[PDB]
Each structure stands twice: as C-alpha cells, then as structure tokens.
Amino acid sequence: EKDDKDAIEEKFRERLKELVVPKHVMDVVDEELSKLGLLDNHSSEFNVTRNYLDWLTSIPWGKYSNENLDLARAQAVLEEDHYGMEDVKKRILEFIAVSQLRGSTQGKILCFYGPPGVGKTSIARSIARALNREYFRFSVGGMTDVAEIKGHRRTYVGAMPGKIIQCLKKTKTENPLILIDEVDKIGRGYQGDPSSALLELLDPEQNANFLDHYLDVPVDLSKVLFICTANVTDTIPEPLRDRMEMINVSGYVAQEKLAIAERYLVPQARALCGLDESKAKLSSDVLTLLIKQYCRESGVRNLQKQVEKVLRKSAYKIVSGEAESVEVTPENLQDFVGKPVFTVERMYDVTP
Amino acid sequence: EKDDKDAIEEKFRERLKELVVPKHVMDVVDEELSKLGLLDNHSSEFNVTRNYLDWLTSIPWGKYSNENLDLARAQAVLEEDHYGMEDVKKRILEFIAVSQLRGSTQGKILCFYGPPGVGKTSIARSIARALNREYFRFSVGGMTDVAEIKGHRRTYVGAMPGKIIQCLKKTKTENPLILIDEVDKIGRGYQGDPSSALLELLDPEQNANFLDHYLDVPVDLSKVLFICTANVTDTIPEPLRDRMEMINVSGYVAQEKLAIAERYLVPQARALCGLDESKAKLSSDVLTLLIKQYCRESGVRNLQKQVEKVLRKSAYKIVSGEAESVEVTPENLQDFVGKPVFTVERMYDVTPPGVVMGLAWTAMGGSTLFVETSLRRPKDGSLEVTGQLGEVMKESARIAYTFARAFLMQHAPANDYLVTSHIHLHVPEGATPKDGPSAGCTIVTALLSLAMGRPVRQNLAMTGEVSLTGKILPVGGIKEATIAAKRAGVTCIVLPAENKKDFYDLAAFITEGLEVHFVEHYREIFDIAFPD
Amino acid sequence: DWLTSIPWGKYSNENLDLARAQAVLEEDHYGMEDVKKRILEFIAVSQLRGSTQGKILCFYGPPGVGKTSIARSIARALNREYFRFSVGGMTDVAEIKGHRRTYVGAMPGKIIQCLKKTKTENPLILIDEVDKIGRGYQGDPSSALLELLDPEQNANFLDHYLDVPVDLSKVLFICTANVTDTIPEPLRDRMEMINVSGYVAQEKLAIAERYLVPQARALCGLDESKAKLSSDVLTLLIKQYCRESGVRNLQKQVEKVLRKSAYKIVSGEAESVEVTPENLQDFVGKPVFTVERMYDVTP
Amino acid sequence: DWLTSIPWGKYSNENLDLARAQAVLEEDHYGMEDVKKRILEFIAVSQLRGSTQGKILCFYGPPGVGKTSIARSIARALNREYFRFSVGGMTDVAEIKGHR
Ligand SMILES: Nc1ncnc2c1ncn2[C@@H]1O[C@H](COP(=O)(O)OP(=O)(O)OP(=O)(O)O)[C@@H](O)[C@H]1O
Ligand SMILES: Nc1ncnc2c1ncn2[C@@H]1O[C@H](COP(=O)(O)OP(=O)(O)OP(=O)(O)O)[C@@H](O)[C@H]1O
Ligand SMILES: Nc1ncnc2c1ncn2[C@@H]1O[C@H](COP(=O)(O)OP(=O)(O)O)[C@@H](O)[C@H]1O
Ligand SMILES: Nc1ncnc2c1ncn2[C@@H]1O[C@H](COP(=O)(O)OP(=O)(O)O)[C@@H](O)[C@H]1O
Ligand SMILES: [Mg+2]
Ligand SMILES: [Mg+2]
C-alpha cells in the first residue's frame, strides 16, 4: 500500500533481471525511470511514458529459444509433414548444417514463389516446429502505409509501434520465424511506397541495428528467419528482390496430386469431419477421377474442397442413418459431387 | 469517492466470474482494475478506464450458445421458413451432421451468390433460428475503411470497438452467426484495403486469433458460422474466393414466384400492415398479373413492394370507411398499383429475317437478347456493329462474321451476299452496356438468316461462344439464361454440349416444357434454326 | 535536460593520418577510387585547416555496389561517431525538425536526438535512400531537408523543440541514392554528386577472392581447407550467373556453394569438398547466361 | 432537477382523426398529392396496428421541395410535438452520447 510508484518501478525492474539488456537500451530506461520518479501520476504525460517504459521492458533483450540442431530429427519432421518440395527441404537442411558449424543461432531471409495452394504457407509452420522456433504470420498485401512497419513518435496519440516489435513481445524471444505474405502484391503507395521501409527490415547489414520510431532504440533483428510468400516474382520490387532469396515451389502433376491427397488431404479431412477410416473410404481411382475431371489446377486447394465435400455428404448419411458405412465408387461419385466439371481435355481431337 | 469506486470494482469482478476469461486477458483486467483504484472519479482518464474495462467484461469469454443438433427439427424449421433453396438446405443439414459427429460446435465459411431478391439475406435468419444461434448482419460493399472492422485505438477520444467486437456483446455468446453482405461489391481504396482484413477473417488458420484495435487482445473467432452474400463471383477477389465455399441461389420462375407470394410475401405484408386475411384478400390471378406485367426481375424483391403497396392502400380504404373489407380483384387492380409497367414480354413477337433471339446473364439476373441485321448499302463487303458492345463482344462479332462467310461458301456457293454487301449489325437497347462472347452463335444465325432471306424458327433462343472453325464453346450463367428464356415464353433453346451439366442441375419443372438442344458444332445449329 | 545534454563545442579526436586512413579504407572495400579520393581530400583539407570540418556528400550508383557499407568504414577511418538515418518512404516532417514544446511529451528531431547519444558535435550522419523519400500530401520532409543540408545555413539550424540555433556545421553528411532524377532540384544542388559505378567481371573476381569468399567462410564457419574455391570456378560463376552491376547476386551465389559444401561435411558425405567447373552446376544450379550472341554469321 | 424535468406518463393525445389529418396537410402545403396520399396511408396503418413506431419514413428528393416542413405539418395532423434532429457533422460524443 502507498507504493504505486514503487510497485510500477519494481515490476519494470524485475522484467530486465532475466534479459541480457544491451548497453544502449538500459541506459535509455534509466533516464525514463528517473523521469517517472519526478513525474506526477495524474499527469497525461505520465500515461505516455509509462507505456513507453512498458514497451521497452516487453522486448526480450538477449532471449533465444532453444533451437533444434539435429539433422535427423528435423528431416523426419519435414518428410512426414509434406510431400515433395525437395528444394525447400534442402535449403532448411543446409540451414541446420550451417548452424551446427557456426555453433550459434543464425537468421536468413527466404522467399517462396509459386502457384497458389502449393503448401507455401503450410510448410512455414512445419519448419518452425522442426527448428523449435516461434511462429508469427502477417501479410503485406494491399499495404500502403509505413507507420505499421516502423511506428509513430511518442508525441502522437495512439502511437502504434512497428509490427515487428509486436512479434518480439508475444514470442518472448529474439529468434522467431516471421513470415511475410503476399510480398509480390505489395501496395504501390501513390503518396509513397511502403516497400522502402521493408528494405531496412530485409537488409542483413541493417538488421543488426533496426530503428523504430516508437522505441527510439536499435533492436537486433538478426538471428531471425524471414520467410516471404509470393505468386509471381515479376511484381516484387526490384530492390526487395536483391535482398531476398528466390526459392521456387513448382506445381504437382496428377501423380503427385494423388500422393498428396491419399496421405495428407484425405486423413486431415476425415479428422476435420470427424469420420473414421472404416466409416468412409475413398478409393484411389475415385481420387484420381476427382483430380482428372473435377480439379483442373496446379495446386491442391480445389482438390481439398472436393475431398471435404465428399466426406461432408458421407457424414450426413451416417448421422441420418441411411447407411452405417459409406464407400465411394466412380459409378456413384455423382451422388456426392455431381456431374464432372471438365469432361474434355482438348477442343480438337483431330486438327483440321 | 473511494467507497463509490470500491462498489464499481466489486460489481465488475462479479460479472467476470461466469466468463472463462483466457490467461492473457485476466491480467489485462487486473492492471486496468489497479489503474481504476488509483484514479479519481472526476479524472478524464477515469471514464476511459471505466468504459474500456466495461467492454472487456461485456465481451463473453468461453460462453457458447446452446446449439441445436436435431436433424429432423432443424429440417422442419428450414422448410417452413423458406421455399426451395434445396442446395442451401442440404449444406445446412450436412453442417449439423458434421457437428454431431465432431461432438462439439464448429464454424465454417459459406458464400451465397445469386440475383438480388432471391432470399440470400432472409435464409440467413432462418439458419440461425434453426441452429439456435445469434444472427448478426453487416455490409462491406463499397466500404473502404478498415477501422470499422476492428474499431479504433483506446487512447483516441470518442473511439469505439469494431462491429465484430460489438457483435460479441449484443449476441452475448462466443458462437454467433455473422452475415456479410455485398462481398463482391468491395473495391480497392486509397486510404486502405479491407480485403486483407477480410482474408484473415475467412482464413481458418488466421481467424483462430483475431486482433482488434480497441481491446488489443486476440479473440477466438473460430467456431463461428460465416455467411457471405454476393451477386456475382467474378468480381469477388481471387484470394477471398478460395477461402469461401460457393453456393449458388438461382431465380424463380413465374410458377415459383406465385408460391412464394401466396405463402410468404402476402401474409408477411398483411401482418405488418395491421390487417387480417378476412379483411384483405389477394387472389392468385392478381398475384399472377403482378408478376407478369408489373415485375420483370428474377427475384421477388420488387414483387414485395407491389404487394405492400396493395395492402397499404387496402388498409387506408377500410380506415377511411370506403368498405369494411377490400377484395383485390383483377378488375380494380389499377386502383391500387395503376397501369401495368411492362406490356410486352419480348421486343419481337415474330422475328423478321436477320433477327435472332439470344440469352444474356448478368448480376441483375437472366435476360433475353435480340440481334438485328440490315443492309447498310444497296469490292469487299464490311460489317458495322452498334450498341454498347465491349471489347470481347466486338471481337466475337468479327469471329462470327468470318465463320459466316466461310460457312456460306460450303453451303451456298452461288450466294455472295456476305462478301459483296455492307451489313449493319445492331443489338437493341443501346443504352445498356454489353460484353462477353455469349452471343457468338446468335450473330452467326443473324448473318446467315439475312443472307439467305429466311426467317429463323419462331420461339427459338440460342447462346454459346463460337470458334473460328464453327466449334461451340460453353458459356456461363446457363441457369439464369434458362429462367429468362422461360419467362420470355420460348419453346426451343440451343445450348453448348459442354453446358449440359449446368442445364440439368435445374429443377424438374423448369426443364419441363422446354425443347433443349445440345450442340458442339454450328452445323447442328443450322439444321435446327433452318429446318428446310 | 535536453538543452544541457547537447554537446556544445564537443569534438571527437579525429584521425588526421593519410597513411592510416588509406589502409583502413582498403580493409573492407575494393576499388571505389572516387569515393576514396574524396575522403583523402577531406582529410588533407582538414590537416591544412588545423580544425575539424563538415561536408555534404551524396553517393549515387547501382544498388548493391557498396554505398551504404563504405559509410561505416569512412567513419572508422576518420575516427568519427557513426549514426545512420533512414528516410526511404518517410513522410514525418517532425522527425527531422521536432515538435513544439507545448504539445505533451514533445521530442526534438532525429538529428538533435543523434547528437545527444553521440555526445559529440562532430558525428558522421548517413542518410539512406534520399531519392525515394516520401513526397506525400501528409507532409514533405524533402523540403525540410534543404535547411538540414544547406552548407551556409547549417551554422544556424533551428529545431522546434529547442527553439535555439545549433551549429550543425563540422558534420560530415553522407547521402545514399540509387538514382538522382527523383531527388528535388533544390536538394540536388546543395549536395555534392559522387558517382559509384558498377564492377566489371575482372573487378568482381578481385572482390570475391579477397572480400566476399573470406567473409562467407567466416559467416558459414567453413575453413578454406575443408572447402576450396579457386579463381577459375569463381570466374565461371561470375561469367554465367552474376552479370548485374552490383555484387549482391555474387554474394548469394558464393554463399550457396559454401552452404551446400557445409551440409556435405556435416552430414558426413565427404571429409573435404573440392569445387570444380564440372561440379559447379550441381552446387549452384542451372546456368543463367550461356549464349552471348544469337547470330554466329550474320546473313 | 433534470430528473424531475423529464416527463413520465404525461403524453398528449395522438391521431385524433384521419379526415382532419388530411385537411391539415392540404392547408399546410400545396400539391404533393402523391406525398400526401402516402402520409394518409402511413397514418391509417399506424391506427390499425396501434403502434406509433411501425417504420421510419425517409423523404428524398431535390433540395427546396419542403421535405422538412412536412414533418411539422404531420405533427399538427395527428396532434404531436415537432422537433428537428438536424445534423451537419458526424461526431460520436457531441450530440447524442452526451457527457458525464
Ligand atoms: N568493393 C567492395 N568490397 C567488398 N564488399 C563490397 C564491395 N562493394 C560492395 N560490397 C558488399 O556488398 C554488399 C552490399 O553493399 P551495400 O549494402 O553498401 O550496397 P548499396 O549500394 O549501398 O545498397 P542499396 O542502394 O541497396 O542500399 C555489402 O555486404 C558490402 O560489404
Ligand atoms: N408544397 C409546399 N407548400 C407550401 N410551401 C412549401 C412547399 N414546399 C416548400 N415550401 C416552402 O418552401 C420552403 C423551403 O423548403 P424547405 O426549407 O423545408 O426544404 P427542404 O426539403 O428541407 O430542403 P433541403 O433539401 O435543402 O434540406 C419551406 O420552408 C416552405 O416555406
Ligand atoms: N506436398 C504436400 N503435402 C501435404 N499437404 C499439402 C502439400 N501441398 C499442399 N498441401 C496442402 O494444400 C494447402 C495449400 O495451401 P498453401 O499453398 O499453404 O496456401 P498459400 O498458397 O496461401 O501459401 C495446405 O493447407 C496444405 O495442407
Ligand atoms: N423461397 C422463399 N421463401 C420465403 N420467402 C422468400 C423466398 N424467396 C424470397 N423471399 C422473400 O423475399 C425477400 C428477399 O429479400 P432479400 O433476400 O433480403 O434481398 P437480397 O437477396 O438482396 O438480400 C425476403 O424478405 C424473403 O422474405
Ligand atoms: Mg544504401
Ligand atoms: Mg431542410
């Protein structure tokens, strides 16, 4: 009681006890904390600096998550989570090998580009789990403002800090896996392109000392695995392409689609629909028929919807009591998805 | 002052006892309560602390509405609340069955697209009633600000949480039903692009943790049934289309409209007008007359306004003392609505040579189309196309003209009408813009009919893209085109062979009475259009 | 507190040895004679003056040529405090000038804030991407840059918070821009244009051999004995994979080869990895440029 | 004082008749036969329903057609009290929300 100044100051001080605070950081908080002592609680300025001190203490200075450096363990996780896409797996395996030789955590900037629905975003969660890293996801599609990237001065009311600053606060570590989505369709600001601020984010030389408007102190943005997702590399800004590594995720042939659907899409859809393997069974030819005549695309996003639709209709029959078990065959496939969408492959069988 | 503040603290703490507040939320309450303890009642920031903490306590945490998981009862509610909509009802019934197998409530993203007035918004209320959920509706068409979705910053004066956050308090549950309107009508804006915010809402991975701008805490937006309504799917953004499940609601035929009006539109308008069945009577013939002459849309939105107008005049008549009871017979219908708005169902009752009826599909609904050709002048001929034709539509005319010339050489070698004459092609109603290769085969028939001087078979409507060699390509909006063709009173309809799936997906009564022909090359169209 | 924290008349002990400055500049960068000559002239003039001096310099050229990196080396050679300012896509005018003290929690501009932490009125301010500054309707910080980069008016620089003129002379202002046309004409006139041209294939080999490969090896933790990259292999990589003016693409290709070799050693595939032109395609991928002309004999 | 100033249970008689309501509208304004016919129907349905708040009436048209003066004429027709909720600027806590 009667220790509101002491309680706030002591609580803030305890936060830095378990963090490796840089010299330039805790020097700033000392002049801020001393300002709190000479400030009145009821003052409007008191609210602003208290939030600034809280934001300063929320940053995990020198906090590193215990990463996994076992090549065998990481390879098994990657193989069991996705099919194909050896190029992405090879880069991750080399990343772990480099870290083992380095002896310390490291960060890289990677960009995955390809057709929609080729598991570009899905493997980001798998990689973070394999590397034992915190996962953060946000997109820059249609983004035309710089304030969220950097922040605002403490003078302005409602000064939202940078988005990256938010990532460090919740993840409570300095080595997260931040994914930047839709970097190809970044909004070209009429008054000003926000991609200019993104250059400092993705510049490995400048990640060492990243300055944001709110915190007003550099933050070590290195040792962070930056992953970028895009569809076409042409629309990506030229300066951004230089600092980003291009990794191509190609589409799947009909043979590759069947393997993905049989091993990943169907088992996940069954769990989502709450159906057992014995209750609803989808034969290989039925899945092949769905790929050939119902989903004409490079990805498997459309195939996932069709697979779920068949199981959704099958689940209704089980609950309604029409059939204790449902088995899908090419003859009765129309009872679940209807008439085929793409009944032809080419307009001309014999060219005149 | 402290004693009054103490009571405020106690009553706020009691409210949060029932809610299952998350781990990261209770600490936010504690720090706000601590700040409320040391603040005076007259402080300006006290109101902000008092209001914001009230919002956090008002939003339910872990409270779910008691869902209904009876297939028979839910089906009965859906049937009694709406007519038709078998595809929508099937999906809802499958939604309940999946939840029954899962053993817990779950959420899904659904999209209803079709002509306005079909009942996309009304079925959402029936679904929520059947599912024992809470109904909430908001629109995003022509909306450019993203702050509306997630509110504004707390420190801003006169700032309120977003509509979704506002939804949680009014629904008082974490399992509501949210309806999004005019999704296809959203557009790109300079101030901000809400499409990115909509993508997170409809993404099952992203919506698990939703970040607002007032509460500043993640909210589990999963297990919420998201229903969105649109008119067309082409204008919907590509990333948003993937996250949404497309369900099509089509228009109603004249026999379908009467059933809706007799059972739903008339009783609802009569009830809200304070009248009863005995006092106000609306026969079937007047309802039929209203549909045929006073309405042209594919939906029943305009029909509802006409019905409400009739009851409004009937209510005024009985109140004024003209008659104790009003019967709306066809003889005195003009006293209520006036002269008929539409007197001709089709512009050409009998098509002269060079005139062929076509079919068009829009976001408004199905429509009929006519193509007129005439000799512009009495070494090389030329073709002029008029009307507000798009770039694609104008190109299809060039393809049709080239194929029509080639077809005549192999059919009537002595006929040089198409090569040695200047022909003007016009699509009437020039004010309305037109686009699409849908009328490719119609243009070929019009050119061939004019060249041969033979009128096309009466009550015949055709559609479908035509290639340079004569191949007929499938076209979209078959369901809308067929409904419009039925309204226009056509008997023979020619459709591409690849569109057979869409045509047979229609109801049995819609298909019945129509002589449909499926073709792959224009050579089959020539025999049908010109039997002799 | 803000007024007293300003280092009034505090100057760092600058390094005025030409030979020492020549050696330091060459440790981290190759070529860039025009940039190095300007720095050498800057030191020579300061020695003649007997006192510190400030200049406004702008380096322009193709991206990835070393404009930003050389700035840090220059400060180390000159023994000046290093401060970096980013103005790319920036529209906040108050970040440069400041805000009136009437506003609650008002703060000075970034230039004034830099002087406080530097604790010396003789810093080396680097401004990156002045060409793509934000010329939005909300504000025009480029117009405020004229007072910041005026050689004559820098002696009396006025900021909103302090409301007192501060001697911004004796400060070496370095500006980086990929292109010069987007720079405003009044701002272009005030700054001195220095061109940093790209590197030819012969120059890239010297950069890769002496600066890129040794830095990549330290970054990857791979010794030269374990993985060896010869001149001929490096020449082939530059010839068919890295044809751009900058060396950023070459840095990635060199890193990729060492990265692949590191995995082989870690996985136990090979105790030592030797790279040859035959095996180059396996490590780095498919060649990009293979055909130099599409007509062997012109018809 | 403000609490006691608010009336509770004190309300003037409304919707005295229909013929007098029509006569009031005809004297107040000239023309608007279609508009006056709609108002009579709105009053008639309200009398049948017995509820004052059936639905909100919105008048849209060219400026200067006397849309505002209709509400004053309407209030005299069914013996109500007229008040104008004119808004020129959209502010949350300036007009409706109030203070304290
Ligand atoms: N001559 C050189 N010797 C050694 N390293 C060099 C040389 N030129 C460039 N580099 C290296 O190339 C990389 C890119 O340099 P830097 O970031 O300074 O380029 P820039 O042209 O200033 O970039 P931008 O215009 O994109 O901001 C750095 O790692 C730098 O060390
Ligand atoms: N039908 C009418 N009969 C008699 N007087 C009329 C009539 N219409 C308009 N007036 C007169 O003209 C004046 C102008 O109309 P008024 O100011 O009410 O227009 P309004 O519809 O409110 O305009 P705005 O769209 O600009 O808000 C009225 O105050 C009234 O005196
Ligand atoms: N090889 C694969 N193995 C398992 N699942 C896959 C594979 N390829 C695609 N998928 C599935 O398809 C979906 C593709 O989505 P994704 O491509 O990540 O979206 P985006 O295109 O936005 O990145 C994922 O949810 C993933 O589960
Ligand atoms: N099959 C039907 N059964 C019952 N009522 C219907 C049916 N179809 C349409 N309606 C009525 O028509 C109206 C259509 O309006 P609404 O669907 O809200 O327009 P929109 O489709 O533009 O949202 C609804 O009020 C609904 O009551
Ligand atoms: Mg630079
Ligand atoms: Mg007015």
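Residues numbered from 1 in each chain as written, not as in the entry; some residues may be left out. Chains lettered and ligands numbered in written order. Part of a larger assembly, values for the part shown. Heavy atoms only, no water.

For this deposited structure, the header cites cryo-EM as the method used and 2.75 Å as the resolution.

**A short note on the overall build of chain C**
In terms of regular secondary structure, chain C is built from 11 helices and nine strands. With respect to the principal axes defined by its C-alpha atoms, chain C has extents near 70 × 50 × 45 Å. For chain C, buried positions account for 51% of its 299 residues. Counting only contacts in chain C whose residues sit at least 6 apart along the sequence, the fraction spanning at least 24 positions is 77%. (Helix = DSSP H or I, 4+ residues; strand = E, 2+ residues; numbered from the N terminus. Buried < 20%, exposed > 50% of the residue type's maximum accessible area, 1.4 Å probe, protein only. Contact = heavy atoms within 4.5 Å.)

**Notes on a positive patch on the surface**
Together, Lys11, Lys63, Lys169 and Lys172 of chain A make up a positively charged patch on the protein surface. Its place among the elements puts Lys169 of chain A in helix α8 (residues 163–171). (Patch = residues over 30% accessible without salt bridge, like charges linked within 9 Å, V, L, I, M, F, W, Y side chains within 5 Å. Areas by Shrake-Rupley, 256 points an atom, 1.4 Å probe, with all protein chains shown as cover. Salt bridge = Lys/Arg side-chain N within 4 Å of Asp/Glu carboxyl O. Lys, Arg positive; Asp, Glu negative; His and termini not counted. Charge placed at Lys NZ, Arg CZ, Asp CG, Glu CD.)

**Some thoughts on the site of ligand 4**
All names here are of chain B. Within the structure, ligand 4 sits among 16 residues, and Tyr83, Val118, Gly119, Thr121 and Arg301 are positioned closest to it. Taking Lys120, its side chain carries an N or O atom lying 3.5 Å from an oxygen atom of ligand 4. Going through the elements one at a time, α6 (120–130) and α11 (254–272) are the ones with two or more residues in the shell around ligand 4. With four residues, α11 is the largest single contributor of residues to the shell around ligand 4. Its residues placed into classes, the shell around ligand 4 shows eight nonpolar, six polar and two charged. (Near = heavy atom within 4 Å. Polar contact = N/O pair within 3.5 Å; in protein donor to acceptor, adjacent residues only side chain to side chain. Nonpolar A, V, L, I, M, F, W, Y, C, P; charged D, E, K, R; others polar.)

**Quick look at the sheet that holds strand β17 (residues 492–496) of chain B**
Residue and element names in this part refer to chain B. If you walk across this open sheet you meet the seven strands as β12-β13-β11-β10-β14-β17-β18, and the pairing is mixed. Whereas interior strands pair on both sides, the edge strands pair on one side only; in this sheet they are β12 (383–386) and β18 (515–519). If you compare each strand with its neighbour and ignore which way they point, the axes differ by 25° on average. Here β17 pairs with β18 via five bridges, running parallel. For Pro496, the partnering residue across the bridge sits in β18 and is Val519. Packed onto the sheet, helix α16 (residues 478–487) meets β10 (355–361), β11 (366–375) and β17 and runs at close to 75° relative to β11. (Pairing = 2+ DSSP bridges. Axes fitted to C-alpha atoms, helices over the stretch in contact; angles between N-to-C directions.)

**Brief notes about helix α5 (residues 110–118) of chain C**
For α5 of chain C, a buried count of seven out of nine residues is recorded, marking the element as mostly surrounded by other parts of the structure. Positioned one or two residues after α5 of chain C, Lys119 of chain C has a phi angle of 60°, which is positive.

**What to know about the interface of chain B and chain A**
One frequent convention defines the size of an interface as the accessible area lost when the parts assemble. Across the boundary between the two partners, chain B contributes 36 residues, which contact 31 residues of chain A. For the pair chain B and chain A, the summed buried surface comes to about 3,000 Å²; carbon and sulfur atoms form 59% of the total. On the chain B side of the contact with chain A, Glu94, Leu101 and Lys501 of chain B bury the most area, a combined 20% of that side's loss. Scanning the region where chain B abuts chain A turns up two salt bridges. Measuring nitrogen to oxygen at the nearest pair gives 3.4 Å for the salt bridge that ties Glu245 of chain B to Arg312 of chain A. The interface formed by chain B and chain A includes six residue pairs in polar contact. When residues of the side of chain B that touches chain A are traced back to their parent elements, those giving at least two are α4 (71–81), α5 (86–102), α9 (195–202), α10 (238–243) and α17 (500–504) of chain B. The element contributing the most residues to the side of chain B that touches chain A is α5 of chain B, with eight residues. Its residues assigned to classes, the side of chain B that touches chain A comprises 14 nonpolar, seven polar and 15 charged. (Buried area = accessible area lost by both parts, 1.4 Å probe.)

**What to know about the packing of aromatic side chains**
All names here are of chain B. In total, this model carries 15 aromatic pairs over all chains according to the counting rule given. Taking 5.6 Å as the distance between ring centres and 65° as the angle between the ring planes, the aromatic pair formed by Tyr52 and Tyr214 counts as edge-to-face. Taken together, the residues span a long stretch of sequence, with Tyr52 in helix α3 (residues 44–58) and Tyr214 in the loop between β4 (210–211) and β5 (218–219) at a distance of 162 residues. With respect to class, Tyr52 is no different from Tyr214; both count as buried. (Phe/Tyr/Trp six-rings, centres within 6.5 Å; stacked < 30°, edge-to-face > 60°.)

**As for the interface of chain A and chain C**
On the side of chain C, 41 residues touch chain A, which itself brings 36 residues to the contact. Of all residues in chain A, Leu101, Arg153 and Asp242 of chain A give up the largest surface area on contact with chain C, accounting jointly for 21% of the area buried on that side. Linking chain A to chain C there are seven salt bridges. Run the count over chain A and chain C and you get 16 residue pairs in polar contact. Listed by contribution, the elements that provide at least two residues to the side of chain A that touches chain C are α3 (44–58), α4 (71–81), α5 (86–102), α9 (195–201) and α10 (238–243) of chain A. The greatest single-element share of the side of chain A that touches chain C, amounting to seven residues, is contributed by α5 of chain A. Residues belonging to the side of chain A that touches chain C are distributed by class as follows: 11 nonpolar, eight polar and 17 charged.

**Regarding the side chain of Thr229 of chain A**
Residues and elements named next belong to chain A. Along the polypeptide, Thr229 turns up in strand β4 (residues 225–230). We classify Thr229 as buried; its relative accessible area is 4%. If we ignore the near neighbours within four places in the chain, the residues touching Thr229 are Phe112, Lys120, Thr121, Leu179, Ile180, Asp181, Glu182, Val183 and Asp184.

**Considering the environment of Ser46 of chain C**
Residues and elements named next belong to chain C. Its place among the elements puts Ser46 in helix α3 (residues 33–49). Leave out the neighbours within four places in its chain, and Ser46 touches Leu16, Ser51 and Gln53. Separated by 3.1 Å, the side chains of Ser46 and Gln53 make a polar contact.

**Examining unusual backbone geometry**
Residue and element names in this part refer to chain A. With a phi close to 55°, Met85 is a non-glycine residue in the positive phi region. Residue position: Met85 is located in the loop between α4 and α5. Of note in the backbone geometry, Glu182 takes a positive phi value of approximately 60° without being a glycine. Here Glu182 shows up in the loop between β3 (176–181) and α9. Judged by its relative accessible area of 17%, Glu182 falls in the buried class.

**Observations concerning the environment of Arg76 of chain D**
All names here are of chain D. Following the sequence through the fold, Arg76 ends up in helix α4 (residues 67–77). Since its relative accessible area comes to 45%, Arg76 is described here as partly exposed. The spacing of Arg76 and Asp28 is 48 residues in sequence and 9.4 Å in space, taken between C-alpha atoms. If sequence neighbours within four positions are ignored, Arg76 has contacts with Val24, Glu27 and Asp28.

**Brief notes about the packing of helix α11 (residues 254–273) of chain A against α5 of chain B**
At a closest axis distance of 8 Å, the pairing of α11 of chain A and α5 of chain B adopts a crossing angle of 90°. The pairing of α11 of chain A with α5 of chain B is recorded here as roughly perpendicular in orientation. Facing α11 of chain A, whose interface residues are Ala271, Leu272 and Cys273 of chain A, α5 of chain B presents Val98, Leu101 and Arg102 of chain B. Per-class residue counts for the contact of α11 of chain A with α5 of chain B are five nonpolar, no polar and one charged. (Parallel < 35°, antiparallel > 145°, perpendicular 65-115°, else oblique.)

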